[PDB]
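So this first bit is one chain, no partners, the form deposited in one PDB entry, shown in structure tokens.
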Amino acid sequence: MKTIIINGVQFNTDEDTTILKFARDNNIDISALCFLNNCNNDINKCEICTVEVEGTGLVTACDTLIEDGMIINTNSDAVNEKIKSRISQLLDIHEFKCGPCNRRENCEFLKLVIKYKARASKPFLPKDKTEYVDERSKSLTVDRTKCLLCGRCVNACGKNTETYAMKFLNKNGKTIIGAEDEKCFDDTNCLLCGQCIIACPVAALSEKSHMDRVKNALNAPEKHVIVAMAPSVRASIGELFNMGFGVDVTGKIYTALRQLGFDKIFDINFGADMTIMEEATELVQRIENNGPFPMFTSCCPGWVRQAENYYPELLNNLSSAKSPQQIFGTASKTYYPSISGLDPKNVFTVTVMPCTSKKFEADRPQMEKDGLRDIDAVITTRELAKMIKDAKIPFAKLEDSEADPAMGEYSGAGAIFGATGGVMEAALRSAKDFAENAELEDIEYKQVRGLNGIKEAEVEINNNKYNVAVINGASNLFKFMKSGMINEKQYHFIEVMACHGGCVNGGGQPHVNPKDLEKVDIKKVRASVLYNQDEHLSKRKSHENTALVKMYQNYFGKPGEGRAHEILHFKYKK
């Protein structure tokens, strides 16, 4: 047993771990900043975690392992001086702009300003922010005035995607972060997933705003503005209203959206039942001899870009069905003008996503028909959260309401989409039903569920064995392919998500604060909201959705054929 005494207080312990980790578990207050995702900034560390080890001196706690017979000083004198020295070097390449900063209510640096009574030697006040600002991307923006180059985005991009698209760059003898050759992220191998935003402690990395598009549509007299939220939104935005974690707020969001002035309150889970409608039929048609195989999902835009950039040979194997966002959006300007005698031209479609990559997808040139965009705007979870807050609508005290039915109803299959293995379980519910022409009772595919990186399963369809895999996160796609696991058998259907945990851990999601990030399993608790909705739902198959069935009978006519084949699909060729 190792005996350590941190600040006159004794602890006996056997675990070999760092001083920050042990002082995190036993509620002691060592402050950290560049440490995240099991790694600090290896090249020029921040030292906000400096402690004193007797005889040795001031060391960085985030990577100094505990030894038997230590005496450690954290709230010390010499230690607190070295940390404020570091804080008044970073708060010197930053501006006190907390209102109107998008990060003031949950910053991390602002917390450590008032904690240490951190003062700037000279206030950093650039006359022109243009050199620091990058708004060229459809998904990501950078404001280097706020960057305290901790390296967390570079590390998170390396651990989560292994693309290393977020790099440390040298610009005129100085170090900045950005894409390769300081290009716009969109023009590099970046998947636009937004995990770098999720690891950023400040306002430096942010999503490209689409809420000026939204407010102008709401104020435009002729425009009939439709909104629809992604599966993961109802499972997470309540964190931004101090409601906690794993809180189902579906009904409160529908009310809130009506108080913001939206004309129709629909839901992307209806579009998720549409995507399974097309994709499960295509899978049954591919099983009719070859297809080819494997069929891959095409609903994660982060993954589509990974395929386009690293595996262009797989772009043909990708499912023709549009993503829920895009397929809902195509129906927004065609089926929804049919009922409600409106001109397609005057309908404006807004989606609320846990994703930054969705903004690139919606803005793709060919995601339109006859000049009308499938989706006109995509605000993230965080952006809808600010809309609600600016309007002072009291989210947590709100009464529940339902969505307008025609394009707002959803089944349990569409509900679990926001979690990893969600699209796989939903597709297999309709694919085994279609191929066997039966209403099967056994619908749970628990073996493709969960937080494992690579999950496989053998499903039986028409007394024949098929192999399916679920790739949880873009780094694991690289592992899948490069290791040759892809060749250990003939795979028939493969789900790929770019974010680990699925869309519930997407790039446009609420930031967590590392104290709560150590105690809460975010991916598990956000996803449990979705699965619990599936369990209590009476319809748990996409083709059983009553509103979906009559769109297809009165307007598209049969999945994967004629009208449904011509406008509800998209194939990538580069």
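What we label the rigid core is the largest C-alpha set whose atoms superpose within 1.5 Å from one form to the other. We number the residues from 1 along the sequence you see.
In this entry, 509 to 517 shows the higher mean Cα temperature factor of the pair 509 to 517 and 537 to 545. Looking at 230 to 238 and 283 to 291 together, the entry lists the larger mean B-factor for 283 to 291, computed on C-alpha atoms. Among 248, 425, 95, 162, the highest C-alpha B-factor in the deposited entry belongs to 95. Remark: of 525, 530, 30, 36, 30 shows the highest value [criterion: C-alpha B-factor in the PDB entry]. Sort the chain's modelled residues by C-alpha temperature factor and residue 138 lands in the lowest third, per the entry.
Ranked within its chain, residue 390 lands in the highest third, by CA B factor from the PDB record.
Ranked within its chain, residue 210 lands in the middle third, by CA B factor from the PDB record. Residue-level temperature factors show residue 441 in the highest third of its chain, judged at the C-alpha atom. For residue 127, the recorded CA B-factor ranks within the highest third of the chain. Only modelled residues enter the ranking.
FYI, the form deposited in another entry isn't displayed, but the following is about it.
Once you line up the core between the shown form and the other one, the CA of 289 is the only one from 289, 175, 219, 121 that shifts by 2 Å or more. Positional change of residue 11 between the shown form and the other one reaches 2 Å or more at the C-alpha, relative to the superposed core.
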